[PDB]
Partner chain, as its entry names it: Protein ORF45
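One chain is shown next in C-alpha cells, namely the form solved without the partner chain.
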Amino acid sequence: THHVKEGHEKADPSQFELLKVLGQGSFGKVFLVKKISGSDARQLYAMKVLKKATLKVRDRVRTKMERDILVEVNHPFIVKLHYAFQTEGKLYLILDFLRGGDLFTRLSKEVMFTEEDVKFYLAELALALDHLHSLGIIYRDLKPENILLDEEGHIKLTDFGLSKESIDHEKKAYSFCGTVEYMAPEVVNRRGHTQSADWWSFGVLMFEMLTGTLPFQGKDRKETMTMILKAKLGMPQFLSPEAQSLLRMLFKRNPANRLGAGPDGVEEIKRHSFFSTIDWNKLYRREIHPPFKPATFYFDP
C-alpha cells in the first residue's frame, strides 16, 4: 500500500455563525446558521446539533441512518443535507433552511385547507414518497410538522421520519416508533412498515388537512389503536366524491389491496380522479405555482 495522505479542506462548527435558535427537542437543538468561509460564504442553513452524552445507542444508530439516507437522496421535495461533521461531544447536520414554516402551523391557523391546496401538497408529497420507495426507504412519521414549506411555497419533506425498509423489517418486533394517529393497521399490529403503510399515513394527512380532524382517534393511545384496527370511518359530506373515493381506496386495512400496492404502484395514486388537474412532469420541474405563498408611514407630494 501507498503510505501517502490526501489533502482536504474539512468543515467544522466554527465555519458557521449562530443567528438564532429555531427549535429544540429530544433529538437535540436546531439553529439558523450563516456559513462564514468558502464558496458558500453568507449562505443560510438549518444546523441540527445532537449531544453525544444526551444520546442513546438507538439515537446514535438513527442519526447515522438519516445522514446515510440524505447522502443517497436528490429530489426537489425532500430536504437536502449539505454537511455532516462531529466533535468529541457533538454531532452536526447542516440542512436546507426553509423560511415558509410547516404544514401543521398553517393547518392550525386556517383550521382546514381547500381541495386545491390539499391536491397541490399531496401531489408533491406523492412524488417525494415514491422517490424514497425507489431506494427502499419508508417514512415512519408522516405528520404535518414533518413537512416544511420553502420561500415559494413548495413542500420539503424533513429527514425526521426517514427509515430503511430492510432495517425496519428486522427490528419491527422490538421497535414501536411514530405518531399513533398516523399508523396503518399492520403497523399498530407490528406486522411491519411497508411502502403500503406510507400510503395509509398519506390518507390520514389528507383527511386531517381537508376536515381539520384526525380520522381514527380515541380518548387515549389504546383506544386510537383499536379504532385504526376496526376502521369504521364516516366520510364528511362536504368532501368531493373524488376526495371520498381516494380516502376509501387509501384506508383499506389489507395492505395488499390499498391504492399504490398494485402493479402500477404510484401510477394508481397519480391516475386517481382527485389528481386529474395535475401535470406530474411540470409539478416535478417546480413549474406549478403554489396556491399559497408564505411571507413606510412617510408620504409627501
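Here, rigid core means the biggest group of C-alpha atoms that superpose within 1.5 Å across both forms. Positions refer to the first chain, counted from 1.
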Quiz item: Checking the other PDB entries that cover both flanking residues: does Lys64 lack coordinates in at least a third?
Solution: yes
Quiz item: Should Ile147 be counted as unmodelled in at least a third of the other PDB entries compared?
Solution: no
Practice problem: Count, per the entry, the deposited residues between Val4 and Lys5 that are not modelled, and return the matching class: none, 1 to 3, 4 to 9, or 10 or more. | Solution: none
Quiz item: Averaged over C-alpha atoms, is the B-factor higher for 67-75 or for 169-177 in this PDB entry?
Solution: 169-177
Exercise. Compare the mean C-alpha B-factor of 237-245 with that of 255-263 as given in the PDB entry, and name the stretch with the higher value.
Key: 255-263
Quiz item: Between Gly136, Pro144, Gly203, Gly89, which one tops the list for C-alpha B-factor in the PDB entry?
Solution: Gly89
Exercise. Within this chain's modelled residues, let me know which third the CA B factor of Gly192 belongs to: lowest, middle or highest.
Key: highest
Self-check item: Chain third (lowest, middle, highest) by recorded CA B-factor, residue given as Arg140
Solution: middle
Practice problem: Within this chain's modelled residues, let me know which third the CA B factor of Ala128 belongs to: lowest, middle or highest. | Solution: lowest
Exercise. Place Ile94 in the lowest, middle or highest third of its chain's C-alpha B-factors, as listed in the PDB entry.
Key: middle
Exercise. Within this chain's modelled residues, let me know which third the CA B factor of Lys80 belongs to: lowest, middle or highest.
Key: lowest
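The same protein has a further form, the form solved in complex with the partner chain, not shown here; the description that follows concerns it.
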Self-check item: Contact residue in the entry with it bound, chosen from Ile36, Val49, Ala261, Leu233 - any heavy atom within 4.5 Å of the partner chain
Solution: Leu233
Practice problem: Only one of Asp159, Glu124, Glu208, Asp130 comes within 4.5 Å of the partner chain in the entry with it bound by heavy atoms, so just point that one out. | Solution: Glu208
Quiz item: in the entry with it bound, which of 25-33, 40-48, 265-273, 252-260 comes within 4.5 Å of the partner chain (heavy atoms)?
Solution: 252-260
Quiz item: Is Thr226 close enough to the partner chain in the entry with it bound to count, meaning some heavy atom within 4.5 Å?
Solution: yes
Quiz item: Any chance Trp200 has a heavy atom within 4.5 Å of the partner chain in the entry with it bound?
Solution: yes
Quiz item: Is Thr87 a contact residue for the partner chain in the entry with it bound, using a 4.5 Å heavy atom cut-off?
Solution: no
Quiz prompt | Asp168 within 4.5 Å of the partner chain in the entry with it bound, heavy atoms | solution = no
Quiz prompt | All of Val71, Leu149 and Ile155 within 4.5 Å of the partner chain in the entry with it bound, heavy atom check | solution = no
Practice problem: Scan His75, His82, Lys164, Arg191 for the one whose CA shifts by 2 Å or more between this form and the one not shown after superposing the rigid core, and name it. | Solution: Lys164
Quiz item: With both forms fit on the core, is the shift of the CA atom of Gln237 between this form and the one not shown 2 Å or larger?
Solution: no
Quiz item: Quick one: once the rigid core is lined up, does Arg106 have its C-alpha move by 2 Å or more between this form and the one not shown?
Solution: yes
Quiz item: Can a Cα shift of no less than 2 Å be assigned to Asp279 between this form and the one not shown, given superposition on the rigid core?
Solution: no
Self-check item: Direction of Cα pair change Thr194-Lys171 in the entry with it bound, magnitude 3 angstroms or more
Solution: farther
Quiz prompt | Direction of Cα pair change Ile228-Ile167 in the entry with it bound, magnitude 3 angstroms or more | solution = farther
